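Student: Please read through the structure below; I'll follow up with questions.
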DNA sequence: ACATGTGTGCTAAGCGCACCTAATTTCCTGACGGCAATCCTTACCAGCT
DNA sequence: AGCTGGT
Ligand SMILES: [Mg+2]
């Protein structure tokens, strides 16, 4: 629940446990797939949720599923970008973190369709981010100037970049 | 019978409600991002200080209040700050502090309150006229002390300008007046434009009770017509308190 | 009991405060751009003012060991001091530490030099730091202290470092639309050359505005953090009144010598403070008659009227003051004849406010 | 001891300081437009004056 | 609109002495000189009794003063944020482009009366770049409604559109 | 005969909780749950606590229903810091809440008209401080809107209600998702293999014990049964003021009253009068009372137009009676006398 | 914000401008400072109630 | 003799 220097609160993390189950045990297979995540730090129970994800077994891409195996790093790196500057532990844009959960809920309803990589990919999943980002940029730069429109447009181009770990 | 304290409240530039990363909190309404203070924050600010305590049956039978999130009448405008804490002892170089960044927002808010008939009578405490006394305290105690926040560095305790109190029993927030965020035209104030939007919404909905209206020295009329949309364009401190007192009993 | 001090200052073209990029500070008050002066800059300039020197007794330093080493002619204690500080809780030369100056100087010198221990030496140094509350600038601005929990010892504790600020300086909001102006300067190369050009073509931004400046004293807090005495409290209140009416932020004053003085003082005694920011929610647009100062004072007096009748507090009336020098700028030009004690001096209003504070005089208190 | 000098000077039609595009330096003092001469101009005119030769001695140079 | 076109056409009919006395009234309200008010009344009264829509009075006075000072010609499709921006592409992006760009954005946060001097400097650099045509009707009906933010954002986005092309 | 009331859920914020909330992450669902409108129902009757478990939840638990999405609101998260033993020790407890922002809904409640008739006089007048399922989330629209009627099928009732519009140039969802319960068309029917299970069915109320239910997705495009509604209700104030009235019928007759009330004379610079000036522009005048006008000669009315047309136009006027606007009027009249060109008109 | 207060009695028509014109070089800053905590335990143990 | 704030 804390957005620390290295984490940004997004949603249920169905994305994380895909490397060790689509490469080691069971792998690609037909049947409806179910995911359970019970996060816990030391001795504190913090949440519980579920996810019925779609899976038929149409092979796998190692690298793309490796990027999908941790989107939390990409989301935190997108959140930590400030409006202007280069300081490393500035909080960045805190209203980006307030639109990440709805965007995650909009992306994740066809989470297995995104998983199997048929027509859903990383490069077209962030297209839904644009609307909330336009209205957040309307809040952020409340000037009718050429410059403010330019910063709004540069704010729009923000999207989570994949990481190879 | 139900009490709706529809209240406007402008704010001089200062941050009041802070999230994890320190920003002013925000809401989504009317297809735009508007500034927000949490209902818990303002509700605790109504407690925890003795000026209002001059009330434990009302914010605890549970409790007796419906306090809404402070929806801005316009779009959110979060700004950022840049502070440098000086060294004040001469070293080989200058500057020493955290060199961090703060952030703030100035907004004009709206909220809505709800106190029903049995929700105030069964509140009771020990009297039956207490069901008028506590409410009479409330109608201007809700506009008595701005919460708290970074006031020692961002001093902002701007008193509200335009206050509604309705005795309509059907619970409806007038937030649909602010479906379109309030723009600014040069001949009217931002608070005056917001109060005109509230008045324009007031002339509606009655097509398909009264309007007890507060304007200090009636600088803000609810409609620029002789056919006043409240018909009670008055108000002075506890005159409204006593008028609600003998409106209820 | 708490004291409000309001000013309306018009300034020459100046840059008293800048952000990282160098622009004057701006805030979106009332839907329009208002020029802003940061509260911390005003607090610092009033701290470093030329009349606070009898009361300037707080130091915000990370070079505490340097302060110890300065007052030692031949006894070099700067590595031992550094390791004592490093296990005090500060971890490095340290973070910023607030304390009284002379107290830490002499008695940290006597408590550091003795070769009696290294762990309890750090513990007693930390206790000396934490007990350093005998300074009213700390009492006004406020101070907490948070040491690390990693680079420390398990046998070293910290007492409660709770000090509340007895002053809420507001940011100086402009009384109109901010017109940020761009200044274009060059830097002349003193020796000549082929190019006949500038050494450095640079960017500076300046803003001329009538600032609504707003401070507030919590006198009750000012004596609940300055112990049982009231003499030092009255001296600090008078010192702040003189400093704020007399000093200016030390921004680019060498390039913009805007040392103009506050054309308005409003001191009102009550238990519920108010800023007159809503007096200028409507931007002040000047007319052919009068000036920006008079129109701003007129809107302020209109607001004072409907918050002295519409928001009247006749249980605790206003003791509203002025600094109208020989009545140059009256407040009630049309109706607002509620200025009970309109004067034309500064020491008189200082003495008056310490008189409603209690049985004090201006000259007798000015010795603590 | 702080010596201050306040000078009221009436000037003929002139352009004694200008910005990049050639307009004279203007400021909005009191809500109205006033013409302005920068303090660096008067500072360097004091420095490069016809009585300060005996008081020279600085070079803020790059060569 | 069919009312502002007659106002612009009547302004183009004005002879040298009339716009000379309009030139002399820069930064001055239409009261301190009798002939200026007489000229404005002659220009402004008879267009309200023939067509139901007329511009605002202050907009008409300011536009008449600026028209006398600069003397362009009326041509459709030559609004301010097209020619502006077209001249911004003829610039070095390092130093001069932010200068001229800030000079343009100063207009977007000003009321009608105070824009005489920023519009003067904008039209001065337009005159320096030898611009003859300016849509006075288009400028007038985007200026008479300058207080609503949609037309300001449309004007700014027109500047963006002319800059990216 | 009216078997259905269409509940109108609309506010700045709202939330009907989902099942995945036991710890500090408290979440919602993208539909008003069955016990997210039945709680509103129980509050609307004015009771609560353990009374709803008997004869109030089973009194309608045999009754199917359907919900409609007017606009899908986005999910918002609010920071919430419970102070625990602070207004135990000062350990501040932590949490995060999920809020559905700017979403309008329409629930159906079908099967019989006696309970719907009891329920129609329960939304507006009887209350126990009803809200949108969250205690701090106000209903911004009259919940008693969309009056009842007979529409036999679930889709006919859910699509036979007009759809609102806030402003004129507003985007509108062309597909309206429908959340419907399970209809057992015959005994022994098995659910289709797309119906997700929702756990919104209480059998007790405090503490919450629950039953699950089957939910069938359904669709609705606009046009065939549902349609946009009249909007009107201008949300643009821009303070009103008339202008430019030469004569309708009541300026000819009203000019003369102050002409000969003041004996055919001026008022400031007394002389034979021609016209009438207007003071106190509360209304520019289609109907003018005879104590606001000012019959006044040509030259000083020209000076009045001097002073008014210069500087602010506003609604405050000159009123040449209180002697503060005197020197300017006389000076303007002097330059009128000195500089008027009659051959150049006016 | 022309009309309307005529009061012996207040005209009026023809006429209103074209063209050459707007330049460049270069000049543009380095460094220092960037917060700590606290929001579930290797849990029993001894200062003392 | 147990209890509670600290490690
Ligand atoms: Mg006259």
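Residue numbers (full-length UniProt numbering), protein chains in the order written: chain U, 358 to 522; chain H, 1 to 54, 141 to 146, 167 to 314, 322 to 362; chain Y, 1 to 92, 97 to 372; chain X, 1 to 63; chain B, 2 to 166; chain F, 4 to 90, 120 to 378. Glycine included, each C-beta is placed from N, C-alpha and C at the ideal position.
1) Report the three-state DSSP secondary structure of residue 430(U) (helix, strand or coil).
2) Scan the region 4 to 35 of chain F for residues whose Cβ lies nearer than 7 angstroms to a Cβ of chain U and list them as they occur along the chain.
3) If you measure between the beta carbons of residue 354(H) and residue 243(H), is that distance less than 9 angstroms?
4) May I ask you to report which of helix, strand or coil DSSP gives residue 26(Y)?
5) Mind checking whether the beta-carbon of residue 124(B) lies closer than 8 angstroms to any heavy atom of ligand 1?
6) For the 8 angstroms Cβ check, are there 3 or more pairs between the region 297 to 315 of chain F and the region 352 to 365 of chain F?
7) Please indicate yes or no: does the CB of residue 213(Y) lie closer than 8 angstroms to some heavy atom of ligand 1?
8) Listed in chain order, which residues are found with a beta carbon closer than 6 angstroms to a heavy atom of ligand 1?
9) How about residue 43(F) and residue 215(F): are their beta carbons less than 9 angstroms apart?
10) To the nearest angstrom, how far is the alpha carbon of residue 180(H) from that of residue 289(H)?
11) Taking beta-carbon pairs under 7 angstroms, can you tell me which members of the region 87 to 119 of chain B lie near chain H?
12) In angstroms with no decimal places, state the Cα-to-Cα distance between residue 11(Y) and residue 400(U).
13) Verify the CB distance criterion: does residue 33(B) have a CB-CB separation below 9 angstroms to chain F?
14) Which of the three DSSP states is assigned to residue 273(H) in this structure?
15) Please confirm whether residue 69(F) has its beta-carbon closer than 9 angstroms to some beta-carbon of chain B.
16) Using a C-beta cutoff of 9 angstroms, does residue 30(B) count as contacting chain Y?
17) For residue 130(Y) versus residue 161(Y), is the C-beta spacing smaller than 9 angstroms?
18) Taking the beta strand (DSSP E) that residue 210(F) falls in, what are its first and last residues?
19) With a threshold of 9 angstroms between beta carbons, is residue 53(B) in contact with chain H?
20) Determine the closest residue to residue 6(F) out of 30(F), 73(F), 68(F), 19(F), with distance taken between C-alpha atoms.
21) Under the rule that 16 or more other beta-carbon atoms within 10 Å means buried, what is residue 374(U), buried or exposed?
22) For a cutoff of 9 angstroms on Cβ pairs, would you count residue 495(U) as touching chain H?
23) Pull up the distance between the alpha-carbon of residue 154(Y) and that of residue 98(Y), whole angstroms please.
24) Output, in sequence order along the chain, the residues in the region 141 to 162 of chain B whose CB is closer than 8 angstroms to any CB in chain H.
25) Given that residue 19(H) touches chain U, what residues does it touch there, using C-beta distances under 7 angstroms?
26) Does residue 326(F) come out as helix, strand or coil in the three-state DSSP assignment?
27) So with CB distances below 8 angstroms, who are the chain X contacts of residue 123(B)?
28) Quick check for students: name the residue ranges of the alpha helix (DSSP H) that lie wholly in the region 204 to 278 of chain Y, counting only runs of 4 or more.
29) Would you check whether ligand 2 has a heavy atom nearer than 8 angstroms to the C-beta of residue 114(Y)?
30) Output needed in chain order: residues of the region 252 to 285 of chain F with a Cβ under 7 angstroms from some Cβ in chain B.
31) Should residue 372(U) be labelled buried (16 or more other beta-carbon atoms within 10 Å of its own) or exposed?
32) Using the beta-carbon of each residue, which ones in chain B are nearer than 7 angstroms to residue 506(U)?
33) Could you list which residues in chain Y have their beta carbon closer than 7 angstroms to that of residue 31(X), in chain order?
34) Which residues bound the alpha helix (DSSP H) around residue 46(X)?
35) Counting only C-beta atoms, is residue 58(X) closer than 9 angstroms to chain Y at any point?
Tutor: A quick look at the data gives this:
1) Judged by DSSP in its simplified three-state form, residue 430(U) adopts helix.
2) Listed in sequence order: 23, 25, 26, 27, 28.
3) Cβ distance < 9 angstroms, so residue 354(H) and residue 243(H) count as in contact.
4) Of the three classes helix, strand and coil, the one that applies to residue 26(Y) here is strand, per DSSP.
5) No, the Cβ of residue 124(B) stays beyond 8 angstroms of every heavy atom of ligand 1.
6) They touch, by the three-pair rule.
7) Short note on residue 213(Y): C-beta not closer than 8 angstroms to any heavy atom of ligand 1.
8) This criterion selects 298(F), 300(F), 301(F), 328(F), 329(F), 332(F).
9) In this structure, residue 43(F) keeps its C-beta atom at 9 angstroms or more from the C-beta atom of residue 215(F).
10) Those two C-alpha atoms are separated by around 7 angstroms.
11) Cβ contacts with chain H come from 112.
12) Between residue 11(Y) and residue 400(U), the alpha-carbon positions lie close to 60 angstroms from each other.
13) Between residue 33(B) and chain F, the shortest Cβ-Cβ separation is below 9 angstroms.
14) Of the three classes helix, strand and coil, the one that applies to residue 273(H) here is coil, per DSSP.
15) For residue 69(F), not one C-beta of chain B is nearer than 9 angstroms to its own C-beta.
16) Chain Y contact via Cβ: present.
17) By the CB criterion at 9 angstroms, residue 130(Y) and residue 161(Y) fall inside the cutoff.
18) Counting along the chain, residue 210(F) sits inside the beta strand (DSSP E) bounded by residues 210 to 212.
19) For residue 53(B), no Cβ of chain H is located within less than 9 angstroms of the residue's own Cβ.
20) Looking at the Cα atoms, 68(F) is the closest of the given residues.
21) That one is exposed.
22) It does: the Cβ of residue 495(U) has a partner Cβ on chain H nearer than 9 angstroms.
23) If I take the Cα positions, the gap works out to 14 angstroms.
24) Result list: 148, 149, 150.
25) Per Cβ cutoff of 7 angstroms: 451.
26) Residue 326(F): strand per DSSP, three-state reduction.
27) One finds nothing in chain X with a Cβ atom closer than 8 angstroms to the Cβ of residue 123(B); even the nearest lies about 11 angstroms away.
28) For the region 204 to 278 of chain Y, whole alpha helix (DSSP H) runs of length 4 or above, ordered along the chain, are 223 to 228, 235 to 250.
29) With respect to small molecules bound, the structure shown includes ligand 1 and not ligand 2.
30) Result list: 276.
31) A buried status is given to residue 372(U), since no fewer than 16 other beta-carbon atoms sit within 10 Å of its beta-carbon.
32) Going along chain B in sequence order, the residues near residue 506(U) (Cβ under 7 angstroms) are 157, 158, 161.
33) Contact note: residue 31(X) reaches chain Y through 180, 290, 296, using a C-beta cutoff of 7 angstroms and chain order.
34) Counting along the chain, the unbroken alpha helix (DSSP H) around residue 46(X) starts and ends at 39 to 47.
35) For residue 58(X), the nearest CB of chain Y lies under 9 angstroms from its own CB, placing it at the interface with that chain.
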